[PDB]
Every structure is written in structure tokens, then in C-alpha cells.
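Summary of structural features
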There are 4 protein chains.
Amino acid sequence: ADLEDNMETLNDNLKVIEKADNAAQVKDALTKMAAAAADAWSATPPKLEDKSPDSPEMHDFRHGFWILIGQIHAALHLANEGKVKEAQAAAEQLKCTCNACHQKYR
Amino acid sequence: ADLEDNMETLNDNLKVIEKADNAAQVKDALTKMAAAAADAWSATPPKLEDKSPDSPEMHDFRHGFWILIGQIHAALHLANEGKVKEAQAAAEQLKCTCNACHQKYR
Amino acid sequence: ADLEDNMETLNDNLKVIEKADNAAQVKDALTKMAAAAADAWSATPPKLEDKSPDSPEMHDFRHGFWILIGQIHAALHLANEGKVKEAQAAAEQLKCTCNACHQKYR
Amino acid sequence: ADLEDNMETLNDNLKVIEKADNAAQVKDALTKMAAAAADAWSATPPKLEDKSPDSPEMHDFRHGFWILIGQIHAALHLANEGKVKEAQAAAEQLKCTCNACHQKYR
Ligand code: HEC
Ligand code: HEC
Ligand code: HEC
Ligand code: HEC
Ligand SMILES: [Cu+2]
Ligand SMILES: [Cu+2]
């Protein structure tokens, strides 16, 4: 999609997890978010349309995305091991990368 | 997806990346493999239908999707950093994980 | 340290962790847990002294060592933000990875 | 310990990883760089002695060791499967997270 769209894609599935009924709901959000990640991972955001894509600062906006996905599929290692409340909670305790990025980069 | 088509996409991108020129195809191909081995996460294997789905075998079967998916995203990290070939590199070392499964759960 | 030793260390620091009181008292045994898991990662127990170091069945064994200290730090990663009972919770899913391996190769 | 000397632990061990020819040298070096990361993780650098441990400057700063030990361990993977060319070829690559959190927070 586009950097801004992707970001609402993840605003969606992150409350649909918090809402999560079952273990497929979670499983499906987490999918459509690492899906939704990668797409962001390759964008240049507003601010840093001045830093090279080689810049230390782009590595890191790009590494914010790294981190995120690791946090996601580690939520998926808890959705697929039968326990959703702990997966749900990895998905809340996830906003720490979210705000991390924004503050640096939005 | 069904397992063996997930596995086919997996294999097919493992060839793309192997035969890739630049940052995109690697990124695009590893982005595909992601969703792919994401999906197989839950998909169930024949040889483990006679183990509970909340068993240490089934845990340790899904756990190999955890991994896999990460070497993929770690490679994506170098793909998404311009380090084209060494994403191709990372692509090949992946294959410890893929195998390690096959020799346990195929 | 050889095998059994890295283990009980990993298995003592677990108890230390469950009961402990502060994020810095649960830190240092999640670091202990790790450091030992690093030294366990070179190991080759009896059930796999059987097979080769290039064996995939060797590679899968030294992969729960990858997983584990992966999630050890996902657990270390919560202590550091004042999240104690969450990172003591991570300490408890994290043993489905002690699980995985024992059910295969001990 | 205080973070200061942690950040010269890490550096030299890079000196001592690209000053290897074989496993343990590249396999142990990386070992203690993980301890190196582990303790630093908790410390408040000079430049955030004004912000709260709940703050997204800190969340992010100490997320940067999260990564690191991933990139380290991940290069210890290949160190343990025997792959020195591939774990050294990969330790110097971690580079772009050394110099990523420097430029931001150092
Ligand atoms: C590295 C990313 C991988 C590649 C390349 C392939 N796989 Fe797998 N895989 C696994 C099992 C138990 C099967 C059996 C299929 C079934 O029973 O229906 C498969 C299947 C395949 C196939 C072909 C299957 C066919 O009949 O056509 C290919 C070509 C293939 N896989 C390639 C196990 C696993 C697994 C468990 C965690 C890992 C991660 C991978 N395989 C990874 C790869
Ligand atoms: C937390 C993640 C873990 C705990 C807690 C324990 N293990 Fe391990 N383990 C593994 C093997 C292959 C052995 C063989 C023992 C031998 O060498 O004879 C063990 C052993 C233990 C022991 C008993 C030690 C003794 O004989 O005196 C305990 C209490 C124990 N383990 C607890 C394999 C693995 C492994 C593979 C990657 C995982 C990650 C762990 N074990 C993890 C834990
Ligand atoms: C690794 C970096 C990264 C993290 C992670 C990230 N964002 Fe963003 N986010 C950005 C950037 C850059 C912008 C501003 C992009 C722009 O203005 O074009 C942004 C902006 C947004 C926007 C503005 C949308 C718009 O269309 O104007 C929303 C909504 C948002 N983030 C939600 C989220 C949520 C929810 C999460 C976690 C589920 C998240 N973001 C995680 C980098 C990130
Ligand atoms: C998570 C953030 C982060 C990581 C990752 C990081 N640094 Fe540091 N670095 C810092 C901070 C903060 C300081 C300031 C040290 C102080 O005086 O407390 C620093 C300082 C240093 C120094 C100067 C030591 C001094 O006494 O001033 C060196 C050398 C250094 N880092 C090397 C490295 C290397 C090599 C790596 C990667 C293996 C690395 N750093 C990774 C944050 C980081
Ligand atoms: Cu965090
Ligand atoms: Cu990087």
C-alpha cells in the first residue's frame, strides 16, 4: 500500500487483537500486520526525505520495523501455542516500539 | 494456504533470491516467503496428526516457523538496507532451518 | 561447563525468577539463564553424540538454544521497562522451549 | 556495572571476532558481547538522565540492544553450526546497529 495506509492497517488489527474472540482472530491480525509491516519497512517517511537511505537514521527507522516484526511473530508463537491472553498481551506490550518510532520519526 | 503450496512458494522464492539482481526481488521475494511460512505456522503436518496439537512435538514444530521466519526477516533487514547479495547469503543459510524440519516432521 | 550443569543453572535461575521481587533481581537470572544457554549452545548431549555436527539433527538441537535466548531477551526486554510480572510471565511460556527439546533429545 | 565500560567490551570483542580463524574465538567473543549488551540495556545513558523509564526515548534506546543480541546470537547460530566465514562475515554487519544507536542517543 503506502506508508500512511500501512500504519492504519496496524492500528486496526491491534485493537482487533485486544478485542480478540478466539485464537484465529489474533492469528489473523498478527498475519495482516507483519504483512502490513514489510510494506512500511521499505518506505521513506516524511521527516527523513532528507537523510540518505544509507543513513544511520534510515537503518534505524528501518530497524524499528525489524523489531516490530520480531514482536509480532513472537505474538504468533503464543497464538499458535493455544494461549491468547498471553499473545494478546505481547500485542499490547508492543506499543513500546510503536511510540518509540513515532517519537523519533513522525 | 495448504502446506505443500506454502512450501512451494517458499522453495520458489528461495530460487528467486538465489537468482536475484537487486534490492527489490530479494525484498519482494522474502516478503512473499514471510506470509508463506507465516501461514504454514498453524497448518498441520501429517506425521504429527497422532500428537496432540498442544504437544511438545507440535510446539517444536511450530517453533521452527518462529525461526525460519526470522532468518527471513533478518535477511529482509539487509535486503531493506541495500545489502543485496548478503541478503542472498542470508537466504542460503536459512536452509539449515527448512531441512531441520523435513528431518523430523516430513 | 558441560551439559547437565548449563541446564540446572538454566533451571535454578528459573525458580529464582518466578519468586523474585524486583526487575533487577529478575534481570540478573534472565542474564544467568542466557549466559549459560550460550555455553550450552556448544554442547552435544548423549542422545545426539550419536549423530554428526553437520547433521540437521545437530542443527535443530542448537536451534532451541537460538529460540530460547531469543525469548529470554524478550523476557529481559520487559524487565528493563519496569515490566516484572510480564517478564516473569515470559519466563513461563519460555519453558515450552525447554519442552520442545527435552521431548526430542534428552 | 556502569554502561560506559560495557560499550568498550562490545567494541573490542568485534576486534577479537575479526581476529579469529575458527569457532570458539568467533563463538566466545560474541558470547560476552551479549553479556555486554545485557547489562548496558538497563543503564540510563548520559543523554537521558532527564527522561522517565516509561519514556519513548528510553524504550527505543534500550530496544537497540534488543536487536543487537539478536544480531549477535544470530551470528552465534552460524558460529555453533561451525560456520566461521559466515559468522565473521556476519559479525561485522551488526555494524549498522552499533553506529545506529550512537548517532541517535550517544
Ligand atoms: C525453507 C524455507 C524450505 C523449503 C525450500 C521447503 N520447506 Fe518444507 N515441508 C515440511 C513438511 C513436513 C512437508 C510435507 C508436505 C506434506 O506432507 O504435505 C514440506 C513440504 C515441502 C515441499 C514439497 C512437498 C510436496 O509433496 O510437493 C518442498 C519443496 C518444501 N517443503 C520446501 C517441513 C518444513 C518446515 C517445518 C517447520 C520448515 C520450516 C520448512 N519445511 C521449510 C522449507
Ligand atoms: C529451560 C529453557 C530449560 C530447563 C529449565 C531445562 N532445560 Fe535442558 N536438557 C536438554 C538436554 C539435551 C539434556 C540432557 C541431560 C544430560 O546431559 O544428561 C538436558 C538436561 C536438563 C536437566 C537435568 C540435568 C542432569 O542430568 O543432572 C534439567 C533440570 C533441564 N535440562 C532443565 C535439552 C534442552 C534444550 C535444547 C535446546 C533446551 C532449550 C533446554 N534443555 C532447556 C531447559
Ligand atoms: C518502525 C516505525 C513505525 C512503527 C513501528 C509504527 N509506525 Fe506509525 N508511523 C511511522 C511513520 C514514519 C509515520 C508517519 C508517516 C507519514 O506521515 O507519512 C507513522 C504514523 C502513523 C499514523 C498516521 C497515519 C496517517 O495516515 O496519517 C498512524 C495511524 C500510525 N502511525 C499508527 C501506528 C500504529 C498503530 C503502530 C503500531 C501498530 C505504528 N504506527 C507503528 C512509523 C512507524
Ligand atoms: C542501545 C544503544 C546502543 C547500542 C546498540 C550501542 N551503543 Fe555504544 N553507546 C551508547 C551510549 C548511550 C554510549 C555512551 C556511553 C557512556 O558514556 O555512558 C555509547 C558509547 C559507545 C562508545 C564510547 C565509550 C565511551 O566511554 O564513551 C563506544 C566505543 C561504543 N559505544 C561502541 C559501540 C559498539 C561497537 C556498539 C555495537 C556492538 C555499540 N556501541 C552499540 C549506546 C549504544
Ligand atoms: Cu520494548
Ligand atoms: Cu541493520
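Residues numbered from 1 in each chain as written, not as in the entry; some residues may be left out. Chains lettered and ligands numbered in written order. Heavy atoms only, no water.

With 15 residues of chain D at the interface, the matching set in chain A holds 14 residues. Note on chain D versus chain A: buried area summed over both sides is about 1200 Å², and carbon and sulfur give 68% of it. Looking only at chain D, the three residues that lose the most surface to chain A are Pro56, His63 and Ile67 of chain D, adding up to 33% of its buried area. Counting every contact that joins chain D to chain A gives 2 salt bridges. Across the contact surface, chain D and chain A share 2 residue pairs in polar contact. Every element with two or more residues in the side of chain D that touches chain A is listed here: α3 (56-61), α4 (63-80) and α6 (95-105) of chain D. (Contact = heavy atoms within 4.5 Å. Buried area = accessible area lost by both parts, 1.4 Å probe. Salt bridge = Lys/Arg side-chain N within 4 Å of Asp/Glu carboxyl O. Polar contact = N/O pair within 3.5 Å; in protein donor to acceptor, adjacent residues only side chain to side chain. Helix = DSSP H or I, 4+ residues; strand = E, 2+ residues; numbered from the N terminus.)

Interfaces are frequently sized by the accessible area removed from exposure as the parts join. Listed per partner, the contact involves 17 residues of chain D and 18 residues of chain C. Across the chain D/chain C interface, buried area totals approximately 1600 Å², and carbon plus sulfur atoms make up 58% of it. Contact with chain C buries area across many residues of chain D, yet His73, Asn80 and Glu81 of chain D alone supply 30% of it, more than any other trio. Taken together, chain D and chain C are joined by 1 salt bridge. For the salt bridge of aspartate 54 of chain D with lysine 83 of chain C, the shortest nitrogen-to-oxygen distance reads 3.7 Å. Looking at the side of chain D that touches chain C, the elements with two or more residues in it are α2 (23-42) and α4 of chain D. With 8 residues, the single largest contributor to the side of chain D that touches chain C is α4 of chain D. In terms of residue class, the side of chain D that touches chain C is built from 6 nonpolar, 7 polar and 4 charged. (Nonpolar A, V, L, I, M, F, W, Y, C, P; charged D, E, K, R; others polar.)

Let's shift gears to a negative patch on the surface. Residues and elements named next belong to chain A. The grouping of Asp2, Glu4, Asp5, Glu8, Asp12 and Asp39 at the surface amounts to a negative patch. The biggest single contributor to the negative patch is helix α1 (residues 3-18), with 4 residues. Examined against the element boundaries, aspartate 12 turns out to sit in helix α1. (Patch = residues over 30% accessible without salt bridge, like charges linked within 9 Å, V, L, I, M, F, W, Y side chains within 5 Å. Areas by Shrake-Rupley, 256 points an atom, 1.4 Å probe, with all protein chains shown as cover. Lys, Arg positive; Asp, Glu negative; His and termini not counted. Charge placed at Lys NZ, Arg CZ, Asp CG, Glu CD.)

Residue and element names in this part refer to chain D. Of the residues making up helix α5 (residues 84-91), those classed as buried are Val84, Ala87, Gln88 and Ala91. Buried residues of α5, seen end-on, are gathered within an arc of 100 degrees and therefore sit on one face of the element. Check the buried side of α5 and you find it contacts α1 (3-17), α2, α4 and α6. (Buried < 20%, exposed > 50% of the residue type's maximum accessible area, 1.4 Å probe, protein only. Arc of directions from axis to C-beta.)

A separate point is the relation of the copies chain D and chain A. For the pair of chain copies, the relating operation is a rotation around an axis with a shift along it. Rotating chain D by 177 degrees and translating it 0.1 Å along the rotation axis places it on chain A, where the RMSD comes to 0.7 Å. In short, the pair behaves as if placed about a two-fold rotation axis. Minimal C-alpha distance to the rotation axis in chain D is attained by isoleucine 67 of chain D, lying at 3.4 Å. Mapped onto chain A, 87% of the interface residues of chain D again fall at the interface, so both copies present the same surface. (Least-squares fit on C-alpha atoms.)

One side chain can pair with another of opposite charge once the charged atoms of both are near each other. Applying the stated criterion across every chain, the model contains 15 salt bridges over all chains. Between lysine 15 of chain C and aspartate 12 of chain C there is a salt bridge, with the nearest N and O atoms lying 3.5 Å from each other. Residue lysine 15 of chain C and its partner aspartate 12 of chain C are both found in helix α1 (residues 3-19); the two are separated by 3 residues, about one turn of the helix. Note that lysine 51 of chain C and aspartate 50 of chain C form a salt bridge whose closest N and O atoms lie 3.8 Å from each other. Counted as one network, the salt bridges with shared partners bring together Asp60 and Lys104 of chain A together with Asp60 and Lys104 of chain D.

All names here are of chain B. Near ligand 1 you find 15 residues, and of these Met7, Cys98, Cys101, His102 and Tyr105 are the closest. Secondary-structure elements contributing two or more residues to the shell around ligand 1 are α1 (3-18), α3 (56-79) and α5 (95-105). Here the element with the most residues in the shell around ligand 1 is α1; it accounts for 5 residues. A class-by-class count of the residues in the shell around ligand 1 yields 10 nonpolar, 3 polar and 2 charged. (Near = heavy atom within 4 Å.)

You will see that the iron atom of ligand 4 has only one donor from the protein, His102 of chain D (NE2), lying 2.4 Å away. By the element assignment, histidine 102 of chain D lies in helix α6. (Donors = N, O, S within 2.8 Å, 3.2 Å for Na, K, Ca; no water.)

It is worth spelling out the site of ligand 3 at this point. All names here are of chain A. Lining the immediate environment of ligand 3, one finds 17 residues, of which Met7, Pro46, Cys98, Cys101 and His102 sit closest. For ligand 3, a nitrogen atom lies 2.9 Å from a polar atom in the side chain of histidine 102. In terms of residues, the shell around ligand 3 owes the most to one element, α1, which gives 6 residues. Residue composition of the shell around ligand 3, by class: 10 nonpolar, 4 polar and 3 charged.

Okay, the UniProt feature "binding site: heme b" in chain A next. Residue and element names in this part refer to chain A. Under the present numbering, the feature "binding site: heme b" in UniProt falls on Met7 and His102. These annotated residues cover 96 residues of sequence, and their C-alpha atoms all fall within 10.9 Å of one another, placing them together at a single site. Relative to the helices and strands, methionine 7 resides in helix α1. Look past the residues within four positions of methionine 7 in its chain and what remains in contact with it is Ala40 and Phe65. Judged by its relative accessible area of 37%, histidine 102 is partly exposed. (UniProt positions renumbered as here; feature names shortened; annotations may be inferred.)

Moving on, we get to the side chain of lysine 27 of chain D. Along the polypeptide, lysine 27 of chain D turns up in helix α2. One buried charged residue, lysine 27 of chain D, forms no salt bridge at all, with the nearest opposite charge on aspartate 39 of chain C at 4.4 Å. Contact partners of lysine 27 of chain D, with chain neighbours within four places excluded, come to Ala38, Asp39 and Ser42 of chain C together with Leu76, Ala79 and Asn80 of chain D.

The next point concerns helix α4 (residues 84-92) of chain A. Among all positions in α4 of chain A, only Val84, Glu86, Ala87 and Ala91 of chain A are buried. Against the buried residues of α4 of chain A lie α1, α2 (24-41) and α3 (56-79) of chain A together with α5 (87-93) of chain C.

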